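K.L.:
Input: one structure, supplied below.
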Ligand SMILES: Cc1cc2nc3c(=O)[nH]c(=O)nc-3n(C[C@H](O)[C@H](O)[C@H](O)COP(=O)(O)OP(=O)(O)OC[C@H]3O[C@@H](n4cnc5c(N)ncnc54)[C@H](O)[C@@H]3O)c2cc1C
Ligand SMILES: Cc1cc2nc3c(=O)[nH]c(=O)nc-3n(C[C@H](O)[C@H](O)[C@H](O)COP(=O)(O)OP(=O)(O)OC[C@H]3O[C@@H](n4cnc5c(N)ncnc54)[C@H](O)[C@@H]3O)c2cc1C
Ligand SMILES: Cc1cc2nc3c(=O)[nH]c(=O)nc-3n(C[C@H](O)[C@H](O)[C@H](O)COP(=O)(O)OP(=O)(O)OC[C@H]3O[C@@H](n4cnc5c(N)ncnc54)[C@H](O)[C@@H]3O)c2cc1C
Ligand SMILES: CC1=C(CCOP(=O)(O)OP(=O)(O)O)S/C(=C(\C)O)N1Cc1cnc(C)nc1N
Ligand SMILES: CC1=C(CCOP(=O)(O)OP(=O)(O)O)S/C(=C(\C)O)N1Cc1cnc(C)nc1N
Ligand SMILES: CC1=C(CCOP(=O)(O)OP(=O)(O)O)S/C(=C(\C)O)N1Cc1cnc(C)nc1N
Ligand SMILES: [Mg+2]
Ligand SMILES: [Mg+2]
Ligand SMILES: [Mg+2]
């Protein structure tokens, strides 16, 4: 007995637990479509309006769940539209399978309609990149692609000539290897190495623990190490929320999508424990230029000593290692360094609250995010686009271990807010989901607001309309000789865009309008998507990478100007607190 | 004395006559931005809302004018968004320069933010693909890119580390080679070869001349050869309009974006003169399977004998060769073959008019295109998206040599309607410009309706809203076993989308609504863009590749069903006319 | 009724006039081998000992005859061994077809033995690069590859799964387009532009005509223009021989594989006519820094203004353009510039003769090449390897239009001497063929001396054994601060290598041994290959790019050291001759 090869391919996807996949049909992929059509009860096809949104959503599925995301594109332009999401998956090292339509084998290499050698298109993005040429082996090739995407934490691409999935193959020969999949059991971190790292950390005068998302399983240990040892915590931006933002010794992140206390403390630290962290600004920003000892914990040999000359680098799991450190230490009394950092954080959080707490007047991003906080459930998921929203969300969202947030961390493709939210709601239909996006990024993927409507995905979309590429405008202010260019543009009314795709929506431009609009949105999103278009000022957010508050470091005139522009009259530099506690 | 390298790069663009260019800024391209900002009087930067639209518009500039189109994208995701337009330019063999942002040379290869080796990304699409590494040679590298894009009729990509354009270079050293550019003077076609081709063509019983856009300069000669010799004309779809559609012996195009008379005549012809033609369906459709002699005229040696075994292939310019044929022939009396084809065309055009001429009821694509015809100026330009609109526009638009029409001919990327119209209006601000697009394709690039508003580009946008990927639905009807999938979707109200980007718009769903809406649109578009969202039926357009009208070829039941579905009761098969005139 | 697809492929090669092709069999290409075996009376397979030699020989075939060269390699390592020859073909812009074995379609993408995705391997080198997936279209794919390689003057690569050539296909369907082949049209010169060019050339005070191999059809015109107008000639190294070396106003080539008079004159010229020339050193050596007017003639628009800004650029065939110049000028009287250059050439040639004319003592390269000249037929063909031999052969070989010489002009891969001579003897069995090679380059392809023996190809191989990479040693002398490294090595006795492959051979180390050995070799090579291993001194050949003879430019100490090292006591700088004639 026989099975169509395409039917077998869909059963391989099912065997691996793929719940949903994204794409747009075409003749060159209609035989995979045909197989999907027969399997609607067991795999859920999501028709997007642009294939980039399918690729981005597949990446987001894997970011959220750790399960492979799946997308497809038709021959030629369908597949090339996947690129921004495939590069996101590559750079954020998450498993994605991409299927690319191709002309049948009888027409390949004939220079027929929309027929090209597609393999070179995907060679750079993909861990695995093959054109299938046989029906009987096609299930194996898909299985191989999936297994490699997982093993190698990246993108597998298969170009499929459209004739193959309509061929009959023997029913009993194909298989999936999902049944073999497992995660490794690791040795203990060695006691001796943990031990010497630990002594160096404890001997420090001005220690910091600086973690990334490799420490995602270690939030409890991080906070308890911090509290017991009196060592402040800082993180990469993506690692926000691993430790609750409310934790009083959480300094935030460094560089620009950053918080003041983290930058200031890092400049003063003598020892940094760098754990589960691949911070891409380390070298270019000279982050560690005056660090005395640099200690690392990472699971990947490729990372050991990568970002700075490392005194001790432990190849181990972050949680297991941090637990092993915790088990060999005990209480230290409060130190001046601890107290100075606590005071600095309190001052900073008072500044952010002063921005949030305005009650009337021209709307700024700060109050919009306060309004999000006010309607957010404790386990909400945030899909965040790319721009000033990363900076502002990093400062204002009040996250805990129960939340998730995703963006395009390293490729930093705009437009990911909408697709990430689609994926979040598909995976977690009982959890509240936000899409927080600037106007520039929302406009790139705006058509796929219709996908939220079509699939009844109750995302709360919040568009930050400044009529700018604000993140880039501020860069031009900093570097460009000549006038601003390409960074200020006409308005788009996203409430009207929403209406056009048949989504309920609101537009607001005044602080006092927020509470009732956000309460209405919270309620609508019990059952249907909603959009809030927040018309915000062009105020530049405080640049944590260009602080002008320390009279030993900056002129009085520069400090006065900084305080004025950034509403920062009550911020004190870290040195004030260092001095207060005798450092 | 010195000049900034970026300033020199902009002067190279100016030297080559580049009027306008497209892109979105980013830090990684802010030094090119800076140079553009100082040169606003002499080069016009168009800020798009998605970089794919900039790439597509650059391709369209070159399709329209023959001048190189220019676009750019920021590092990583800005550049990868260009792909669908770059592949369009490659496949439609038009010159485009693409500039890609990159991290400064001091941070390249550090694994910093959004920093990657960008060169492999563009290797497949590009004729020329380099990463610049020196400021003093950067003007030369841009000059080289332009010169190669022209010479090789394709895409040149330059990745530019952002530090280089801010470096000073000696003022007197750089140059542009635009001053050297010229077009070749060719020899005559040889008299002997033209002569033997001509005899074979004239000896035929059932000749056809089948031209593509390589014959774009030869419309006069084509029509006069046809009339003098009594030889019907057929074309590739893109070659519509080279000879006026009204010409009574213009049969149309073959395959699917096709007209009935062309398919039918081609099946019967004994000799085809294939001129300036690279029809991609030739082999797969067995177009020439019963052609006795196949004659070719083409400028490119790579094309000689490519699509079919060729009896005589003349390497020459199409116009010069067709003129040389015309100069050696004279009047032939009407033949039965001529008369049969004339009769067949009249019957077909009566069918199309019957569809157009309905006055009331549910709106179909056919009447929308009649309404376009009624408001179109004689020299209007049409940017056409990808889908059923190619099929329907091919049949219904009444073009002459004074018109232009463009689509993505071979890559066939959806979304090109909007960008092509932007480019058309930028090049030809005094000419009427239409964007004719299906709902699927319009939705992919809908955000760049805002670019038409921002730049006050008075495009007439007509969206054909069937709530389907209709072209693909019909494919699934033809090939798929299982139910339709991914081809029927929710409505988007493009009048509301238009309102959201601050464009005047209308939505219509009834035939009787068309005249006043189209008259209003015609008037608005004297000064501002406008959009008409035409809600059309799901009726399948007649498939010229699956005709069921000939009782020697098809069952009576199949013919009855075809006539019913396609409103084709009064169409006669070509064989009726052949018989009438004694063949 | 049916034909094997492999048989049809070989028939395509035969239709295109392929006489011989090179490679090494493997399982992965045994079905093409089987088809070759059946066709061995009409197409001739040459089994090489290393696939690189097959690729190099294929490139040399095309360099010599203009006929596409054909090579193949087995899957994986057979094909990757082709690379140095394929890149040679790309860079020297000659047509080559390369066939690459691949696993059968049932085993592709299974990760079986020596099975990989081969398409990305060839993407950079190839103009056309496809994996065949169907037997019936395989003849067309090969035809396409050939037609493109010719039209685009580069490499076409086809990966062939081994099952396809053993499949039956319909006998009637396949064809070759060889019948339709034509070479590109030759554009014609604009008559105004040529008149303006001529005027500028004639108004020059210190003109030069500087041609490359694009002027290979124009030697008569070049020499006559030089004589009529009293304008010296210089060329690219590859263009040596287009005008006979004995012509008294031939200055030679510039840069390093160069002759003194050319460098010196170019530095003083006010007007250069740059014809059929893509000299790669133009910019980096600042060749044209002081040139007032630059006049260019080239067929390729990609070249116009490439190497320097043009004052007049003519997109036309070199011989037609030079003929048109010649036709509008008449005899001009001698000038001071003309006489100064003639005197400089005489002085230079007397130097070279002095080196050649030694009759006893330690053997130098110079006398070896004199001995070559003494046994060389007037229509001899020289295959030249890469290193000091290019420099020395350029100075000493006495070539005329009746000769050919080839090397790897631009990629400059060592090892080409032996394959180029194989190809030359295959294409020109009645012409004398030399392989002139350094010991380093001969070593790299030494095993294919056996191929000359096996096919009874009577090449005269001359190996220049200095026990050095001499060309590179001299570079280290010029740039490196530390001691020589990697450039002096142990001896290989190539007369023993030749004995090992069963080739007659001689080793010489003294000038007085040359005449008898070379006469013996001349006679042996009436019927069989022969090798002369010339043990030469480590003397550095005079560096034409670092002249130290002009006491206005150089210290007496540096002049005296140069004269002593290079036996150049009788050389005078061009300024001596300029001054004699009042310049
Ligand atoms: C517009 C924008 C601007 C940005 N700018 C900033 C900025 O100013 N500041 C900032 O902080 N970020 C910024 N980012 C994000 C930044 O680009 C990097 O993605 C981020 O800093 C790196 O975070 P990470 O190290 O947590 O994650 P990753 O780069 O994913 O690294 C995770 C590390 O954990 C290790 N690992 C994984 N699992 C384990 C385990 N079980 N045990 C141990 N180790 C493990 C990995 O091997 C790896 O080294 C920005 C993002 C955007 C969108
Ligand atoms: C959705 C969609 C469906 C389509 N399906 C169809 C269809 O059913 N039917 C159809 O006809 N098209 C169809 N097309 C277009 C099709 O893909 C090809 O692009 C088109 O048929 C080729 O047209 P062409 O030969 O005129 O142009 P090109 O492919 O650009 O070829 C031009 C030829 O002219 C030669 N040339 C150039 N200049 C000269 C000169 N001066 N003198 C002589 N020769 C010269 C070139 O060398 C080349 O061979 C479709 C397009 C779309 C978007
Ligand atoms: C070890 C080594 C060192 C070398 N160093 C030197 C050196 O010091 N000096 C030196 O001179 N060379 C040197 N070379 C060779 C050098 O690398 C270049 O290959 C050579 O200078 C370029 O020669 P060309 O312009 O004649 O050929 P090409 O680069 O092949 O250019 C031919 C030109 O002719 C044009 N053309 C073709 N047909 C026509 C036509 N019908 N009419 C008009 N134009 C036409 C083409 O478009 C092209 O621009 C060296 C080679 C080796 C192996
Ligand atoms: C234009 C832009 C950005 C502007 C985003 O504008 P938004 O309007 O979305 O956000 P805001 O800052 O105004 O709130 S940020 C980004 C950097 C971080 O890479 N770039 C460059 C960029 C350009 N194009 C794409 C597709 N993705 C990108 N990341
Ligand atoms: C989905 C689709 C098409 C549907 C277009 O839907 P539209 O709604 O735009 O048009 P209509 O037919 O309903 O009037 S046509 C096309 C073929 C010709 O390639 N494809 C495949 C396709 C898929 N994705 C992109 C970006 N471009 C493509 N060409
Ligand atoms: C090693 C070397 C050269 C040394 C050649 O040594 P030879 O011993 O052959 O010649 P000679 O100079 O001693 O007479 S020249 C060359 C340059 C021109 O590229 N290179 C670099 C080189 C290195 N490797 C290969 C395969 N090809 C090359 N061209
Ligand atoms: Mg914005
Ligand atoms: Mg549609
Ligand atoms: Mg040597």
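Protein chains in written order, with PDB author numbering: chain B, 9 to 591; chain B', 9 to 591; chain A, 9 to 591. A prime marks a further copy of an entry chain. Beta carbons are placed, not taken as given, at the ideal position from N, Cα and C, and that holds for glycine.
Note down, in chain order, each residue of its chain lying with its Cβ closer than 8 Å to the Cβ of residue 557 of chain B', except the 5 sequence neighbours on either side.
P.N.:
567, 570, 571, 576, 579, 580 and 581
K.L.:
Determine the direct distance from the alpha carbon of residue 72 of chain A to that of residue 288 of chain A, and round the result to whole angstroms.
P.N.:
22 Å
K.L.:
Could you work out which residues of chain B lie near residue 308 of chain B', taking near to mean beta carbons separated by less than 8 Å?
P.N.:
Neighbours of residue 308 of chain B' on chain B: none; closest Cβ ~13 Å, over 8 Å.
K.L.:
Alpha helix (DSSP H) containing residue 586 of chain B: first to last residue?
P.N.:
For residue 586 of chain B, the enclosing alpha helix (DSSP H) begins and ends at 582–588.
K.L.:
Restricting to Cα atoms, I'd like to know which of A:497, A:589 and A:481 is closest to residue 490 of chain A.
P.N.:
A:481
K.L.:
Have a look at residue 353 of chain A and residue 70 of chain A and give me their C-alpha separation to the nearest angstrom.
P.N.:
34 Å
K.L.:
Between the region 461–479 of chain B and the region 407–415 of chain B, can you find at least three pairs of beta-carbon atoms closer than 8 Å?
P.N.:
Contact annotation: the region 407–415 of chain B does not touch the region 461–479 of chain B, with fewer than three C-beta pairs closer than 8 Å.
K.L.:
Name, please, each residue of chain B' whose Cβ falls closer than 9 Å to the Cβ of residue 196 of chain A.
P.N.:
192, 193, 194 and 195
K.L.:
Could you confirm whether any beta carbon from chain B is found closer than 8 Å to the beta carbon of residue 203 of chain B'?
P.N.:
no
K.L.:
What residue from B':269, B':407, B':461 and B':408 has the CA that sits closest to residue 426 of chain B''s CA?
P.N.:
Looking at the Cα atoms, B':461 is the closest of the given residues.
K.L.:
Which two residues bound the contiguous alpha helix (DSSP H) that contains residue 400 of chain B'?
P.N.:
396–404
K.L.:
Spatial neighbours of residue 261 of chain B within its chain, please: C-beta separation below 8 Å, excluding the five flanking residues on both sides.
P.N.:
242, 243, 244, 245, 247, 248, 267, 270 and 402
K.L.:
Do we get a CB-CB distance below 8 Å when we pair residue 128 of chain B with the residues of chain A?
P.N.:
yes
K.L.:
Less than 6 Å between C-beta atoms, sequence neighbours within five positions excluded: which residues of the same chain meet that for residue 54 of chain B?
P.N.:
Closer than 6 Å at the Cβ level, and outside the excluded window around residue 54 of chain B, lie 28 and 30.
K.L.:
Is the distance from the Cβ of residue 105 of chain B' to the Cβ of residue 168 of chain B' below 8 Å?
P.N.:
no
K.L.:
As a quick check of your reading: which residues have a C-beta less than 7 Å from at least one non-hydrogen atom of ligand 6, in chain order?
P.N.:
A:92, A:393, A:394, A:395, A:396, A:397, A:420, A:421, A:422, A:423, A:445, A:446, A:447, A:448, A:449, A:450, A:452, A:472, A:474, A:476, A:477, A:478, A:479 and A:480
K.L.:
Give the straight-line distance between the Cα atoms of residue 584 of chain B' and residue 373 of chain B', rounded to the nearest whole angstrom.
P.N.:
29 Å
K.L.:
Which residues in chain A sit within 7 Å of residue 317 of chain B', going by Cβ to Cβ distance?
P.N.:
Taking a Cβ-Cβ cut-off of 7 Å, the neighbours of residue 317 of chain B' in chain A comprise 183, given in sequence order.
K.L.:
Say whether chain B places a C-beta atom closer than 8 Å to the C-beta of residue 473 of chain B'.
P.N.:
no
K.L.:
Between the Cα of residue 364 of chain A and those of A:199, A:175 and A:404, spot the shortest distance and give me the residue it belongs to.
P.N.:
A:404
K.L.:
Touch check for the region 329–339 of chain A and the region 212–232 of chain A: three-plus C-beta pairs under 8 Å?
P.N.:
yes
K.L.:
Can you grab the Cα-Cα spacing for the pair residue 293 of chain A / residue 182 of chain B', in whole Å?
P.N.:
16 Å
K.L.:
Which residues share a DSSP beta bridge with residue 79 of chain A?
P.N.:
A:30 and A:106
K.L.:
Can you find a heavy atom of ligand 3 that lies under 7 Å from the Cβ of residue 119 of chain B?
P.N.:
no
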